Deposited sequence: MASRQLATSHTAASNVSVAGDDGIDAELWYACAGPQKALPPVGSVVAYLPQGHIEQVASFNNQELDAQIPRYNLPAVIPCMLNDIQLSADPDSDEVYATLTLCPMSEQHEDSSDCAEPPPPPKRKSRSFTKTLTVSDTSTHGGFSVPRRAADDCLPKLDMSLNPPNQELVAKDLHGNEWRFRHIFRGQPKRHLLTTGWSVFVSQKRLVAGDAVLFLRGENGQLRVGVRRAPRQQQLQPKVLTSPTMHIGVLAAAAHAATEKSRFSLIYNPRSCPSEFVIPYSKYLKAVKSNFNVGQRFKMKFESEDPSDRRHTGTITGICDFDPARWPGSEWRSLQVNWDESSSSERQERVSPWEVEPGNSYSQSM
């Protein structure tokens, strides 16, 4: 599976740690992930696993995948607890889908800025200028597309293969579609759906903790699943970062920034102020750095509301 397509499909400004490197595994966040998939009806009556709130581990492997039907991405990781002790970027673009794009009656309207950035630079006055587009999704499938240039005024459009793309992939409005350009000119297509069993909530909610506890008293390797669309904050982060944050002193009234949204012309700076500092869930996880920062956003607009944050998630601001 392609690195670049899997990352863009997952999340913007979302990256994983390097394999072979030491990383902080944070049980509290894995738990949050598991409570995301199926709304956790109760977390009560779980045996007391005196487990550190951060577990430093060797990262032994990353295995990225994708469901063949719904194209939902996830990765399989192999952590090993430890005894006490840039790159490249390819032209891409993303767009969230309007009901016109989804409507069967219509095709799809491409952004002006996006044709320029990544799509194949096209011919003069073909009356109406067009070129065949070959795309691969995350399974190597080819979806062919007619990218014609028309309307009055002129816009960039997709017609042939757009409609079949939307039924086969079961897309709707609010959703988003993706493209990458490689050196080869081979453009790739991806799908990031808008937000909407085998085991119970308590059985997962304890199998997580049981596994880690065993793999930590044993210093034996164990596995876990990263499902980035279903994950609020990353829970496997470079062991370096963690230590830099713990050591760093935030004090109240300090202002901060956060780098969630990137990859658009306007970075859209996110910002807020530090109201307080507390062990977030003192009951099971005392003394942790997990979501230990109380923050108040600068006039938030019914989006991205999460009042509590962790010290490696924020940059001291202005």
Report the unmodelled segments of the deposited sequence as residue ranges counted from 1. 1-23, 109-121, 233-238, 361-366
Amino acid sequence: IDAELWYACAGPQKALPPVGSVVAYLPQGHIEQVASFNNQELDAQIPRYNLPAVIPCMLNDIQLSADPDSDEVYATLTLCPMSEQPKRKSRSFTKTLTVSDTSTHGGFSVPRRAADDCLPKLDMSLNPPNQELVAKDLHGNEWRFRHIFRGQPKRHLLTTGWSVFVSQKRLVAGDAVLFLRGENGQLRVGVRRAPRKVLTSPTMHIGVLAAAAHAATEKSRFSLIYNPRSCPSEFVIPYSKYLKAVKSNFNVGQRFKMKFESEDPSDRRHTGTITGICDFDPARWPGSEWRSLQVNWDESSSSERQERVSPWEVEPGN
From here on, numbers count along this sequence of modelled residues.
What stretch has the higher average Cα B-factor here, 108-116 or 74-82? 108-116
Higher average CA B factor in the deposited record is what I'm after, so tell me if that's 238-246 or 146-154. 146-154
Maximum C-alpha temperature factor, selected from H205, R192, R188, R88: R88
Could you say which of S92, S223, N184, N227 has its CA atom at the highest B factor, as listed in the PDB entry? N184
By its CA B factor, does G11 count among the lowest, middle or highest third of the modelled residues in the chain? middle
Quick tally, chain-level thirds of C-alpha B-factors: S167 sits in the middle
Based on the entry's values, in what third of the chain does the Cα temperature factor of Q294 lie: lowest, middle or highest? middle
Among the modelled residues of its chain, the C-alpha B-factor of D43 falls in the third labelled highest
Divide the modelled residues of the chain into thirds by Cα B-factor and specify which third, lowest, middle or highest, holds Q254. middle
